[PDB]
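Next comes just one chain, in structure tokens: the form deposited in one PDB entry.
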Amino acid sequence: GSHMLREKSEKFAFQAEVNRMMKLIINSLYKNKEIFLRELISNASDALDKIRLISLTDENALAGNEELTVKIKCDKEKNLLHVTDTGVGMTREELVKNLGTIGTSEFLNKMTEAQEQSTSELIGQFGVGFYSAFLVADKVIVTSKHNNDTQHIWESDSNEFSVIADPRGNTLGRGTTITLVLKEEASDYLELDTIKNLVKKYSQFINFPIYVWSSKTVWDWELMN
């Protein structure tokens, strides 16, 4: 089973439009970097609505994980921020397509014109806030498990991306973990007080419960909304 690594069939290039998109997003929100967390939580919320809808007509929808939540972990020691939801997840095919490709032109011109203003609303409306994670992270990693596939891992430094079967197996049960390798100057997002203030402000209108792994010295999940 060496055919895959010897042929590097796990490596992909982003679609031109996506590269241009990442730049627009990264350039416009340069002064409002914290918005990334809001967009991740928002993407989590959508993923949770989807699985909830599927659970209405599919009796075995929540088999892999009976809960519907969003959990945030700060790993200061490893310089990582994790955002995990137990939503619908993404198959290997969807990781490639949904994250690596994409009113695209209108948004293309609307964004440029919105910079030559605030773009936070547009990005949020068109649902492409995922990329805003690159404002605070050098590498973005997406671990996901969809009912129709095995767990997979997508990773990118924005110059390319790759998808690989997760050698750890099905640890998520169902859902997605957005792991951010924080830039040196973005260490503040590893601070519990900082994350809690952002998560609380950004989860205020999310219908699913959002938790942050915090201390009180004992650790446990803390409800934020």
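Quick note: we count residues from 1 along the sequence shown, nothing fancier. Under this definition, the rigid core comprises the largest set of C-alpha atoms superposing within 1.5 Å between the forms.
Residue-level annotation: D75 has coordinates in all of the other entries compared, counting only those that model residues on either side of it, so it never reaches the one-third mark. Compared with other PDB entries of the same protein, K110 is missing from at least a third of those that resolve the residues around it. In terms of unmodelled positions of the deposited sequence, the chain runs continuously from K11 to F12 in this entry. Per the record, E116 and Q117 are separated by a gap of 1 to 3 residues from the deposited sequence that were not modelled. If you average the C-alpha B-factors over 176-184 and over 53-61, the higher value belongs to 53-61.
When the two stretches 27-35 and 41-49 are set side by side, the higher mean Cα temperature factor goes to 27-35. Comparing the C-alpha B-factors of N147, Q125, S144, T101 in the entry, the top value falls on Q125.
Sort the chain's modelled residues by C-alpha temperature factor and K73 lands in the middle third, per the entry.
Remark: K139 belongs to the middle third of its chain, ranked by C-alpha B-factor as recorded.
Compared with the other modelled residues of the chain, the Cα B-factor recorded for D193 ranks in the highest third. For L80, the recorded CA B-factor ranks within the middle third of the chain. Only modelled residues enter the ranking. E106 sits in the highest third of its chain by CA B factor, as recorded in the PDB entry.
The following text describes the form deposited in another entry, which does not appear among the structures shown.
With the rigid core aligned between this form and the one not shown, the listed residues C74, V142, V128, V136 include just one Cα displaced by at least 2 Å, namely that of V128. Core-aligned CA deviation for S28 between this form and the one not shown: 2 Å or greater. Relative to the superposed core, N19 shifts its CA atom by 2 Å or more between this form and the one not shown.
Inter-residue distance, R38 to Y30 (Cα): reduced by at least 3 Å in that other deposited form versus the depicted form. Panel note: the distance between the CA atoms of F126 and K73 is smaller in that other deposited form than in this form, the difference being 3 Å or more.
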